[PDB]
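The data below hold one chain only, encoded as structure tokens and taken in the form deposited in one PDB entry.
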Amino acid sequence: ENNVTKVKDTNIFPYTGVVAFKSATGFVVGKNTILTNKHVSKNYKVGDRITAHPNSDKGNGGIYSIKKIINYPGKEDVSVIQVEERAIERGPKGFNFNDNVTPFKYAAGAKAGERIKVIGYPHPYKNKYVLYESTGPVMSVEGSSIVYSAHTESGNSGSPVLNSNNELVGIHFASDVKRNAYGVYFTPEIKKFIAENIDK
């Protein structure tokens, strides 16, 4: 499927769960904690900034500094990023990261044919910090792999893949040249790693 639409208000759920890197996406999984891809976080360091749910230059939920980066020891393209709880620049709800974002909750599962949404900042260059939502069916779910046919671009690296009830079914990491997109499915092993690394 190729159904990609601009998000008009990024300051409501589910959009408040998404964060922007310079040319990639991530999302909130718990207190002061974001998920993105290793291929994204390899270019960031402690003290670099992330912005919560920006809408171009129209408003955002704050600018936050990275305090810790932890990569999944396994093969899957998953990296945990913790931020300082107190914003560099406040969001509308004040300086606290957690007041300005909404973590996603895992779905019970996913299955071929169900419809998903990939939400993120697709454009590496143009449409800076413009959030889009891209829809399509799940093609397969096998182990730590989820495949879905939804249009994505390179800035979608680190995007949440949500089901129709805005529950988390995967994290996006790649797409085919010019029908399928590939996400990591949250197996118990990956979930255990993420849970151990959510800021206490």
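One-based numbering along the sequence shown. Think of the rigid core as the biggest set of C-alphas that the two forms share within 1.5 Å after superposition.
The form deposited in another entry exists for this protein as well; it is not shown, and the discussion that follows is about that form.
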Entry of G74, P92, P124, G109 that shows, once the rigid core is matched between this form and the one not shown, a C-alpha shift of 2 Å or more:
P124
If the C-alpha spacing of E89 and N127 moves by 3 Å or more in that other deposited form, is that a move closer or farther apart?
closer
With a C-alpha distance change of 3 Å or more, do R86 and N127 lie closer or farther in that other deposited form?
closer
